[PDB]
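Read the single chain below, which is given as structure tokens and is the form deposited in one PDB entry.
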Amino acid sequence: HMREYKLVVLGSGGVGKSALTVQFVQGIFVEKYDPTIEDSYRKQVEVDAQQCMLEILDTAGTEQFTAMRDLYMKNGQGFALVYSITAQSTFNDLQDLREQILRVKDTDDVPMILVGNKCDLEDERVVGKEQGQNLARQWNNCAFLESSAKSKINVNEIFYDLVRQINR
């Protein structure tokens, strides 16, 4: 008998939600950009020496569907909120997502991680690490990571951390 973990990846379009999830599950990074309608990935991993079944929901950054978005939020045990270090707009959007998750869940505490993706592209960087950490502190000292799907930096840690938080 294996414990099931329902994880959701939310963010604005182009942040790298699909690339992060696909790197974790399939160990492939795709340069090509195909917008995501909806996708579900299932992968078995060992976290704290225990076999875990991860169900990962890859959402659409570009579409908004409030009834569906609330249904993702109601079902999800843990949430990864992804922003691009290169794109300021994506960082700005996350504040509203936070409050929406807490409203639907109807509790101040929900397993969550703040993810700064595209950390490999330092030259294009428009968002400081301190900005992410400062925001994370505002969110009841929420977990924070900088990650690159392309360079395989902190991809595994994102999903491992969510499982740890759900277990506690």
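In this text, the rigid core denotes the largest set of C-alpha atoms whose superposition between the two forms falls within 1.5 Å. All residue numbers are counted from 1 along the displayed sequence.
Keep in mind the form deposited in another entry is missing from the figure; the text below concerns it.
- Comparing the forms between this form and the one not shown on their rigid core, the Cα displacement of residue 39 reaches 2 Å or more.
- Positional change of residue 126 between this form and the one not shown stays under 2 Å at the C-alpha, relative to the superposed core.
- After superposition on the rigid core, the Cα atom of residue 100 is displaced by less than 2 Å between this form and the one not shown.
- Between the C-alpha atoms of residue 19 and residue 66, a gap narrowed by no less than 3 Å is obtained in the other form, as opposed to the form on display.
- In comparison with the shown form, the Cα-Cα distance of residue 113 and residue 38 increases by at least 3 angstroms in the other form.
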